[PDB]
Every structure is written in structure tokens, then in C-alpha cells.
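Each reported figure results from applying straightforward, stated rules to the coordinates on display, with no laboratory input. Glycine gets a Cβ as well: all are built from the backbone with ideal geometry, and neighbour counts include every protein chain shown.
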Amino acid sequence: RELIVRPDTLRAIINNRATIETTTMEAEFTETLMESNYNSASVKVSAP
Amino acid sequence: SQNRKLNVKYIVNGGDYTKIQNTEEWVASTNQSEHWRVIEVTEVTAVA
């Protein structure tokens, strides 16, 4: 619904300052874990 | 860990603002009267 009566003219100002803005953000993260174990046992028994 | 941030901004005030991303064409259009704008103000007077 039209709330106001159509005016004969409009009050305006001119502004043509165009702007372009681009932002890029990259993030990386890497985490490597390594573990290792070894156990050894040797036994020897003798007699004649 | 790695981070990268890139930010680009273009601003135009006068000339053909549709050539904001094309520097050569904006420079070519700077001689057209219909696009001349106020680029700085060197004197300001209080309205009173």
C-alpha cells in the first residue's frame, strides 16, 4: 500500500565515489607426531 | 603454521567511475566534463 502521496519532485544529493574492497585470508596448520619403541632380550644356558 | 592476509581497495572520485578497475580507461576518460567532481576543498566557511 502507498503510504504517502506521490511528490512532484525529490530532494537529492549526488555521490559517485565508487569503492571496491577485497579481503582474502588463508590459514594452515599441520601437526605430525611420531613414536617408536623396541625391546630385546637374549638368554643362553650351557653345560657340558 | 601459516597465515596469509590480502586486502585490496580501490577508490574513485571523478572520471568515469565504471572504469575503476581499468586504470587506462579511467585515465582516458579523465578529459570528459560530465564526470568532473570535487577532489579537494581548500576553503570552508561557517554557514553562520
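To the nearest whole number, what is the average tally of beta carbon atoms from other chains within 10 Å of the beta carbons of peptide B:17-28?
On the way: counts 4, 2, 1, 3, 2, 0, 0, 0, 0, 0, 0, 0.
So the per-residue partner count for this stretch is 1.
Between B:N3 and A:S42, what is the FRET efficiency for a Förster distance of 41 Å, r being their Cβ-Cβ separation, to the nearest 0.05? Walk me through the intermediate numbers first.
Values: r = 53 Å, r/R0 = 1.29.
Plugging the Cβ-Cβ distance into 1/(1 + (r/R0)^6) gives 0.20.
Tally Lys/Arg at +1 and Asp/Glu at -1 over every other residue whose Cβ is under 14 Å from the Cβ of B:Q2; what's the total? Each step should come with its number before you reach the end.
Details: positive: B:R4, B:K5; negative: A:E26, A:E28, A:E31.
Around B:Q2, the charge tally is -1.
If N is the number of residues in chain A, what value comes out of its Cα radius of gyration divided by 2.2 N^0.38 Å? Intermediate results must be reported in sequence, preceding the final value.
On the way: Rg = 40.9 Å, N = 48, 2.2 N^0.38 = 9.6 Å.
In units of the 2.2 N^0.38 Å rule of thumb, it is 4.27.
Direction-averaged shadow area of the convex hull around the Cα atoms of chain B, nm²? If you can, show how the numbers build up before the last one.
On the way: hull surface 28.6 nm².
Projected over every direction and averaged, the Cα hull of chain B covers 7.2 nm².
Find the relative contact order for chain B and round it to a whole percent, using C-alpha pairs within less than 8 Å whose residues are 6+ positions apart.
Working: 31 pairs, mean separation 15.5, N = 48.
It comes to 32 percent, rounded to a whole number.
Can you tell me the dipole magnitude for chain B around its Cα centre, using point charges on the Cβ only (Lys, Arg +1; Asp, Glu -1), in Debye to the nearest 20? Mind showing how you got there, number by number?
Values: 5 positive and 6 negative charges, 92 e Å.
With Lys and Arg at +1 and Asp and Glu at -1, about 440 debye.
Across peptide A:37-43, how many C-beta atoms of other chains are within 10 Å of each residue C-beta, on average?
For peptide A:37-43, the averaged partner shielding equals 0.
Take peptide A:15-25, look around each residue's Cβ out to 10 angstrom, count Cβ atoms belonging to other protein chains, and average those counts. Walk me through the intermediate numbers first.
Working: counts 2, 9, 6, 10, 7, 7, 5, 5, 5, 5, 5.
Average neighbour count from other chains, rounded to a whole number: 6.
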